[PDB]
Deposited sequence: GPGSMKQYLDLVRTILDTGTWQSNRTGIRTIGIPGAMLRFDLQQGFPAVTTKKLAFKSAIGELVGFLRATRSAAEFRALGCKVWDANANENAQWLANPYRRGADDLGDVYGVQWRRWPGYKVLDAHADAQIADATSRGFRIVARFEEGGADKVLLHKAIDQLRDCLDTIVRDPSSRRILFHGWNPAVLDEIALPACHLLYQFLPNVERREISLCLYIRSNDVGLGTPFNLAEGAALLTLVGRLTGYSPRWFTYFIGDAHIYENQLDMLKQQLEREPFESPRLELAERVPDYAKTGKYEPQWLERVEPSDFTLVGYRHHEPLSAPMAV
């Protein structure tokens, strides 16, 4: 995690000050890159809220849009956004208490995809239905008969399928930035795009994660934990050992009211990284040869544990 502390130092030494209530100091474009075989990228100069981060990831895997369900998973980080944020409270897409809208995992697992086809475009219709689209309406437009097709697209499960079927593919990615629904949600995706990169020779799998915006103090440690944990779960279910986790940040910044806290962290002696264990009950595809992607839903926060986590 030296790279993390070095990022903080770089922002403080080379960043510029900006207003937005609380000022931030930031740089555009940074990378952290971790070899997960060397350890899990937990901050040690403070306590990582590991169970909260794992709870959040499990929530996303389950396409959760309720802060109550996040809370049941050990994660309170959505409560204010769901229930106090004035702009969200005024948003007509908010269903009521604890609702977040179709954030993050809803887009990962259930992206609402539509096609509008000519009603007699038989080959297009057959192709779309073969891929899981279904006809939900027939209507006239411009004096032409149309069909609306819909699919709740499970990008993440599609990625796991491609890893097992076609690991040399350079298209194994999902993301949560759906322009059609930016106006319907509590918060737009901060951690945005996830790309998996299997290595057949080495039986290794890597992850590149694009982050639109991070509070480097409070957010980066949480998102590191979640991305590393996701890669570990995906490797378990697809027969690959997790290897490189590359974390790409667009707007990397630090809030002015965190400076004192962060400065004290920069002075502390970091500890060796811990190791992440994913519970034996989550079956290993490399051992079983049984493909069981339902474990994306069946995994619980308690299946993720850190071994040897030392921290200040």
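Check: In sequence order, which deposited residues have no C-alpha?
Finding: According to the deposited record, C-alpha coordinates are absent for 1 to 4, 25 to 26, 319 to 327, which together make up the missing parts.
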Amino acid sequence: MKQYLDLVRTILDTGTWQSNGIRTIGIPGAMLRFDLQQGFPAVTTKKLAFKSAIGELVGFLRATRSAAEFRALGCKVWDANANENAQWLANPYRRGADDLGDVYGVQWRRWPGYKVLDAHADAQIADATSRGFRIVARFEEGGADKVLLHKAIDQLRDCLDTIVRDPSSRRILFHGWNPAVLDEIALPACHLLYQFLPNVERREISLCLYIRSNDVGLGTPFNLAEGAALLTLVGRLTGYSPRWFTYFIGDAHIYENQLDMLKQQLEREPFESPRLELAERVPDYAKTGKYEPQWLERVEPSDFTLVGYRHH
From here on, numbers count along this sequence of modelled residues.
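Check: Which has higher Cα B-factors on average according to the PDB entry: 25 to 33 or 61 to 69?
Finding: Comparing 61 to 69 with 25 to 33, the higher average CA B-factor belongs to 25 to 33.
Notebook entry, point to check: What stretch has the higher average Cα B-factor here, 95 to 103 or 211 to 219?
Noted result: Comparing averages over the C-alpha atoms only gives 211 to 219.
Item checked: Most elevated Cα B-factor in the entry, residues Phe139, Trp78, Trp88, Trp111 -> Spelled out: the listed residue with the top C-alpha B-factor is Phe139.
Notebook entry, point to check: Is the Cα B-factor recorded for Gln265 in the lowest, middle or highest third of its chain?
Noted result: Top third by C-alpha B-factor.
Next item on the list: Classify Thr246 as lowest, middle or highest third according to the C-alpha B-factor given in the PDB entry, relative to its own chain.
Entry: For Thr246, whose C-alpha B-factor we compare with every modelled residue in the chain, the answer is the lowest third.
Note to self: Quick check for you: using the entry's CA B-factors within this chain, is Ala126 in the lowest, middle or highest third?
What the structure shows: For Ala126, the deposited C-alpha B-factor lands in the lowest third.
Next item on the list: Select lowest, middle or highest to describe the third in which the CA B-factor of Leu237 falls within its chain in this entry.
Entry: Its C-alpha B-factor belongs to the middle third of this chain's values.
Note to self: Splitting the chain's C-alpha B-factors into thirds, which one does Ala144 fall into?
What the structure shows: CA B-factor rank for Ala144: highest third.
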